[PDB]
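Here the Cβ is made from the backbone with ideal geometry for all residues, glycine too, and neighbour counts use every protein chain on show. The values are calculated or read from the model by the stated rules, or taken from the named source; these are not laboratory values.
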Protein chains: 2
Amino acid sequence: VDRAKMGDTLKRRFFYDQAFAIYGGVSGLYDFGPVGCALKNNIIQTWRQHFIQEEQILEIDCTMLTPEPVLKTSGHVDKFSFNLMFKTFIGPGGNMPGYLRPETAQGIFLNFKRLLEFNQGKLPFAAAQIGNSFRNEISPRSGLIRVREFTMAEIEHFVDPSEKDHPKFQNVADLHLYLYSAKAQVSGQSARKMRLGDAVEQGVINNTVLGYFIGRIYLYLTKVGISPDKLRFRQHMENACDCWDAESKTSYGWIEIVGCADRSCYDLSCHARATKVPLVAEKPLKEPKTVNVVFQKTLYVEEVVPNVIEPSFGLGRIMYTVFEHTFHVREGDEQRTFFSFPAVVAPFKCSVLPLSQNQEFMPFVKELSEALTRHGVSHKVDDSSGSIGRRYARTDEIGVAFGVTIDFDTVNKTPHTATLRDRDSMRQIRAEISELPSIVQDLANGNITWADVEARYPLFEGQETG
Amino acid sequence: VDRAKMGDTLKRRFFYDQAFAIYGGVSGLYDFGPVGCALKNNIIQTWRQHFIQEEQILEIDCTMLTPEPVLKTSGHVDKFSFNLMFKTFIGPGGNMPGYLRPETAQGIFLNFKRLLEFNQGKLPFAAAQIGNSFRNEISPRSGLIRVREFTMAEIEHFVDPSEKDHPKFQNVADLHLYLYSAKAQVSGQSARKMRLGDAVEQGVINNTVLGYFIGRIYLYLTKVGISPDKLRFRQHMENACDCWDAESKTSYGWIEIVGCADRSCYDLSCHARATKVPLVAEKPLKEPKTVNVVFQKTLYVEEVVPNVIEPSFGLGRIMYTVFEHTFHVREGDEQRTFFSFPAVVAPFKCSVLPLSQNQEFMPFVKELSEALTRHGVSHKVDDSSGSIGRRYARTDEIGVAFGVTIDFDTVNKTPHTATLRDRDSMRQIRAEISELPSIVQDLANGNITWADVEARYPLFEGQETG
RNA sequence: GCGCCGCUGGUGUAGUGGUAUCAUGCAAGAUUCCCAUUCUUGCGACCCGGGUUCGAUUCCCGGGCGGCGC
RNA sequence: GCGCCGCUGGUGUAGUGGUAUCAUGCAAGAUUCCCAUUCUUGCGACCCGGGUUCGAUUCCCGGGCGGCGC
Ligand SMILES: Nc1ncnc2c1ncn2[C@@H]1O[C@H](COP(=O)(O)OP(=O)(O)NP(=O)(O)O)[C@@H](O)[C@H]1O
Ligand SMILES: Nc1ncnc2c1ncn2[C@@H]1O[C@H](COP(=O)(O)OP(=O)(O)NP(=O)(O)O)[C@@H](O)[C@H]1O
């Protein structure tokens with residue numbers, strides 16, 4: 001609830017700073033520091049594993065420059081003296097004007113033919129694109145909530161309009177979500193907690209494709225740690241072809257984070273009629289159709305124009321909501337604020353910490369660091385004048401998921417055992433430094449929870465050496 | 001050597017297509033398809049693991065828009081009627097002009113204070129940035145070699161000018177590299193194959209920092225599969241403060257791929273004098289200095305201006321060189337071209353293949369797919385009218401590292417054994433489908449080579465069922 | 001940039017002032033049963049516009065893009 | 001955008017027409033020896049420019065940026 005506090009923490013530690021502060025900044029442009037960049041990357045990687053990996057989506061890398069004709073066709077050029085897109089010129093100035101793309105989606109549309117081709121002309125397939133987009137907003141505001149350059153992650157799901165049904169829907173059908181349907185909106189009611197499947201077999205949500213995507217969108221948002229309770233999907237009123245967008249409860253109110261938008265025969269077609277190049281899938285007929293025109297003209301393939309589900313992920317806003325949702329303040333010392341980053345998307349998975357500024361602590365810190373690096377675990381080595389707890393508070397601020405402390409009992413006892421300390425709970429268990437990185441991986445990957453670790457291992461009574 | 005062939009393959013299969021081909025394209029702008037995007041991502045991930053992970057570098061996410069004052073200070077604005085940067089306007093047009101950044105480096109410079117701060121004010125530290133950059137080239141050409149929007153990956157290494165020596169240099173000191181020093185250039189000679197260490201303790205390369213970075217740059221380029229033989233580091237003549245850039249032998253000649261440039265007191269300072277904000281590290285004195293001025297003014301900290309090593313990685317050109325270097329054509333059927341993508345950066349690590357369009361092959365294809373996905377291995381399921389070999393040739397084109405074929409002996413024998421087939425060699429071994437994904441991971445991660453697999457497992461004599 | 005020749009299925013090409021050849025490739029059914037098998041069948045293209053024209057993919061003017069010369 | 005109040009170490013602030021208070025934080029040495037210990041010491045700032053002025057962080061004009069009203 002305390003954005004003053006949260007923000008102070010985020011700024012002091014360079015999660016994200018205002019861009020070009022040195023030159024007195026610029027509105028709506030923000031640079032992400034080390035910790036924020038680590039978090040952002042983790043979120044993105046998680047998104048790739050949760051969507052691209054899970055659905056065999058075809059990620060592509062289109063460019064951010066986009067010539068005026070393209071956006072005329074799309075209807076952005078007309079959608080706005082001056083207009084809300086960054087306008088520039090390509091080449092020797094003059095006759096080829098252009099813009100910085102307002103969304104990553106269009107690239108997937110002007111490549112539909114080669115993408116379908118790659119999918120052996122078959123349907124239904126999905127192609128995605130993660131990348132930055134630029135709106136030249138008159139009044140940017142609210143930190144990351146409305147900026148001028150942000151990172152989108154879009155998925156275009158091309159599916160035969162007829163075959164709108166999903167094989168894997170049963171994997172999300174039994175989820176309990178908050179749904180803010182259109183009726184409930186105009187009928188003055190709040191959102192409702194439905195089992196997903198039911199919401200589909202009550203016609204609230206058209207089909208099991210839309211449903212499926214909603215379910216996994218939900219699962220993803222909660223995976224990275226957006227509170228389930230401050231997350232609803234709000235159907236679009238008489239305001240879309242059938243949008244349903246995921247919003248979160250922030251201090252700036254309910255905010256759009258992911259826009260899942262089922263457009264039918266839309267962008268593709270406008271592009272086709274523009275360029276005169278046809279964009280279509282062909283589906284074989286299972287019963288060929290002789291058409292006696294006047295001779296007999298037999299048809300073997302129906303010329304399908306696919307429907308498209310367009311989930312647009314706002315990385316910026318999702319990141320911010322992970323902030324506001326996972327920002328806590330400790331009992332007692334209220335100077336110690338922490339970030340309950342879910343383990344898998346933590347900026348740093350571990351912290352190598354000695355007990356005190358002592359020399360006989362060096363080799364275990366070095367060897368642990370190197371061993372975590374071998375094991376590929378992102379870690380912060382912190383070793384200063386600071387008391388153990390100062391370093392704890394320093395590491396908790398940036399939401400380091402767990403913390404290894406190497407101590408005297410680690411040095412002065414035969415099985416070299418150091419301690420692992422859980423961020424959120426502050427509690428700790430003791431294990432041999434030889435296997436610790438494995439525990440930290442296993443932790444960072446959900447296969448074991450902290451409860452799992454507390455179970456499998458001795459707790460921590462005390463320390464007996466000096 | 002055959003760029004007609006190579007290119008045909010790259011284009012047909014949408015590694016990268018010319019941008020906005022539908023609207024008749026645009027020069028110097030290229031979109032990367034599924035396979036190219038997969039490869040690109042793999043390269044980037046490998047770069048992060050090889051540099052950021054290995055050196056605790058501080059990756060940040062700066063923006064691509066950059067106001068005119070910044071680039072005036074940097075001296076890009078002056079560096080060129082019209083000039084070679086994409087110019088746009090930020091906000092209500094008018095009085096705040098700007099550009100699309102010509103490099104990602106500057107962001108790391110205008111944030112130096114917070115980055116140093118994060119590093120506890122200590123030296124020497126490194127911060128990186130992966131991201132796109134834009135040159136408005138008059139004549140873009142040669143596919144990816146010279147474009148208008150590309151992906152850079154830059155590292156700024158800030159180090160005290162005095163303490164220019166590297167603890168880990170002994171890890172690269174014993175490498176054998178091709179060095180094209182300045183003398184050899186003006187003295188009409190070719191490059192020379194030196195042991196790295198020697199080249200440093202002969203003064204050819206100033207110091208062991210520069211050296212270290214050269215060594216790991218080399219290791220990285222060869223990791224992703226640039227031929228060692230078509231790779232040299234060319235020192236800058238009387239042409240830099242001490243540049244040494246890695247170039248590769250392509251069909252377009254020797255091309256710059258990575259620009260490692262040791263600038264001294266350069267960018268930081270110009271920025272500081274511009275904004276009047278000081279950019280400096282402080283180093284404690286180990287013997288305080290009382291300075292009798294006229295009273296006694298004791299100094300405890302010397303005000304250091306760090307030197308900066310600037311390796312600039314050209315993702316585009318590196319990608320292209322991986323293409324030209326790893327593009328082969330099979331013995332016999334010269335329609336079958338393949339890509340010897342090193343296992344770790346392959347676009348797809350595996351291919352689930354049945355033997356023929358048969359029904360009793362389905363469940364093993366599905367279960368294998370799902371099992372690889374569980375095991376997080378990027379794979380292509382290919383199951384068509386096609387003969388086994390047509391699918392082989394189809395999968396070899398895109399450089400799928402290995403290929404599982406499920407057959408009759410897999411179905412009609414008690415331990416369910418399918419075959420693993422090595423791309424480059426076409427040879428194959430047989431293992432139970434229950435443990436196959438582990439072998440494919442282990443393969444994709446260097447811990448086991450193909451020789452390792454051929455050793456640990458039975459070969460492949462034949463198939464006995466139908 | 002400027003100069004030179006160019007553009008026809010996804011790819012490689014034939015050809016023409018009355019809307020198109022062959023190969024490949026992709027799809028379907030068979031046929032295969034470990035390395036682009038084979039037969040049948042199906043899908044798919046004249047870069048964009050302007051000019052002249054009854055009519056242009058063809059001829060001419062202009063843009064786009066590519067192969068190359070500095 | 002327009003309107004409103006604002007800007008001083010990294011962060012939070014005091015104050016003034018003669019260049020700066022306190023807290024924090026970061027650093028060093030000690031002191032601790034498992035949760036911002038304590039003492040000493042050190043580092044670091046008036047958003048930018050213009051005007052008036054002997055002189056501006058202070059006063060005024062203009063830009064930048066932020067907190068908010070539509
Ligand atoms: N100025 C901005 N700052 C940060 N994120 C933005 C900004 N503008 C758009 N987005 C993101 O872009 C996504 C979709 O863009 P947008 O077109 O506005 O929504 P949509 O899917 O078209 N329909 P809707 O979101 O209801 O307008 C949203 O989910 C946002 O998270
Ligand atoms: N038009 C381009 N297309 C693709 N890559 C480019 C292009 N321009 C620059 N690069 C990449 O950018 C990197 C460095 O840019 P550049 O400034 O030209 O070199 P550098 O490190 O400054 N010194 P030098 O490369 O010798 O000019 C190179 O390694 C290239 O790979």
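Taking the range A:390-424 as the region of interest, how many residues are among the polar types (S, T, N, Q) and closer than 23 Å to A:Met319 by Cα?
Summing the residues that are among the polar types (S, T, N, Q) and closer than 23 Å to A:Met319 by Cα in the range A:390-424 gives 1.
Considering B:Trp254, B:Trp244, the condition of being within 24 Å of B:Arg146 (Cα to Cα), in contact with a strand residue (DSSP E or B) (Cβ under 8 Å, 6 or more places away or on another chain) and surrounded by fewer than 17 Cβ atoms within 10 Å (Cβ to Cβ) is satisfied by B:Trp254 alone.
All of B:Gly215, B:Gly188, B:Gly197 fail the test of being of a type outside the set (S, T, N, Q) and part of a loop (DSSP other than H, G, I, E, B), apart from B:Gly188. Filter the range A:291-348 for residues that are within 16 Å of A:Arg3 (Cβ to Cβ) and loosely packed, with under 11 Cβ neighbours inside 10 Å and give the result. If the condition is that a residue be within 16 Å of A:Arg3 (Cβ to Cβ) and loosely packed, with under 11 Cβ neighbours inside 10 Å, then A:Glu334 is the only one that fits. Screening the range A:383-412 for residues that are out of contact with any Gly (no Cβ under 9 Å at 6 or more places or on another chain), among the charged types (D, E, K, R) and under 19 Å from B:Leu58 (Cα atoms) and picking the one that is nearest to ligand 1 (Cβ to nearest atom) gives A:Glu397. Restricting the range A:251-272 to residues that are within 16 Å of RNA strand D (Cβ to nearest atom) and over 26 Å from A:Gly211 (Cβ atoms) leaves a set whose member that is farthest from the other protein chains (Cβ to nearest Cβ) is A:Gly253.
Yes or no, residue by residue, for (1) buried (at least 21 other Cβ atoms within 10 Å of the Cβ); (2) within 21 Å of A:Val305 (Cβ to Cβ):
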site: A:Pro97; (1), (2): no, no
site: A:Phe109; (1), (2): yes, yes
site: A:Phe125; (1), (2): yes, yes
site: A:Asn132; (1), (2): no, no
site: A:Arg141; (1), (2): no, no
site: A:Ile145; (1), (2): no, no
site: A:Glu149; (1), (2): yes, no
site: A:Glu154; (1), (2): yes, yes
site: A:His166; (1), (2): yes, yes
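Looking only at residues in the range B:273-299 that are in contact with a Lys or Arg (Cβ under 8 Å, 6 or more places away or on another chain) and among the hydroxyl-bearing types (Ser, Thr, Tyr), the one that is nearest to the other protein chains (Cβ to nearest Cβ) is B:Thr298. Among the criteria (1) buried (at least 20 other Cβ atoms within 10 Å of the Cβ); (2) over 13 Å from B:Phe20 (Cβ atoms), the one A:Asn83 does not fulfil is (1). Annotation: A:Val365 fulfils all but one of (1) in contact with a helix residue (DSSP H, G or I) (Cβ under 9 Å, 6 or more places away or on another chain); (2) in a helix (DSSP H, G or I); (3) among the aliphatic types (A, V, I, L, M); the unmet one is (1).
Can you give me the ranges of the helices (runs of 4 or more DSSP H) entirely in the range A:58-163 with at least 3 residues that are among the hydroxyl-bearing types (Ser, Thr, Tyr), more than 19 Å from B:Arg101 (Cα to Cα) and more than 7 Å from chain B (Cβ to nearest Cβ)? Outline the logic, then answer.
Numbers: elements: A:68-74, A:105-109, A:112-118.
Filter on the range A:58-163 gives an empty set.
Looking at the range A:342-360, can you tell me whether even one residue there is more than 30 Å from A:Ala127 (Cα to Cα), polar (S, T, N, Q) and in contact with a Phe, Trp or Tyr (Cβ under 6 Å, 6 or more places away or on another chain)? Checking the range A:342-360: not a single residue is more than 30 Å from A:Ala127 (Cα to Cα), polar (S, T, N, Q) and in contact with a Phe, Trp or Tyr (Cβ under 6 Å, 6 or more places away or on another chain). Between A:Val404, A:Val381, the distinction of being buried (at least 24 other Cβ atoms within 10 Å of the Cβ), assigned by CATH to the domain that holds A:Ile439 and within 37 Å of the chain's Cα centre (by Cα) belongs to A:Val404 only.
Restricting attention to the range A:294-309, does a residue exist that is more than 16 Å from RNA strand C (Cβ to nearest atom) and more than 27 Å from the chain's Cα centre (by Cα)? The answer is yes; a qualifying residue exists. In the range A:443-465, the residues that are in the same structural domain as A:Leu420 (by CATH) reach residues that are loosely packed, with under 14 Cβ neighbours inside 10 Å with C-beta atoms within less than 6 angstrom, at least six apart or across chains, in these pairs: A:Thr465/A:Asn412. In the range B:392-458, counting only helices (runs of 4 or more DSSP H) that sit wholly within it, the ones holding 2 or more residues that are more than 14 Å from chain A (Cβ to nearest Cβ) and away from RNA strand C (no atom under 14 Å from the Cβ) span B:436-444, B:450-456.
Here's the yes/no breakdown for (1) surrounded by fewer than 19 Cβ atoms within 10 Å (Cβ to Cβ); (2) under 16 Å from the mean Cα position of the chain (by Cα); (3) within 16 Å of RNA strand C (Cβ to nearest atom):
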{"residue": "A:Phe14", "(1), (2), (3)": "no, no, no"}
{"residue": "A:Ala21", "(1), (2), (3)": "yes, no, no"}
{"residue": "A:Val26", "(1), (2), (3)": "no, no, no"}
{"residue": "A:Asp31", "(1), (2), (3)": "no, no, no"}
{"residue": "A:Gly36", "(1), (2), (3)": "no, yes, no"}
{"residue": "A:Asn42", "(1), (2), (3)": "no, yes, no"}
{"residue": "A:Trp47", "(1), (2), (3)": "no, yes, no"}
{"residue": "A:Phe51", "(1), (2), (3)": "no, yes, no"}
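Within the range B:1-42, if we keep just the residues that are aliphatic (A, V, I, L, M) and outside any helix (DSSP H, G or I), the residue that is farthest from the other protein chains (Cβ to nearest Cβ) turns out to be B:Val1.
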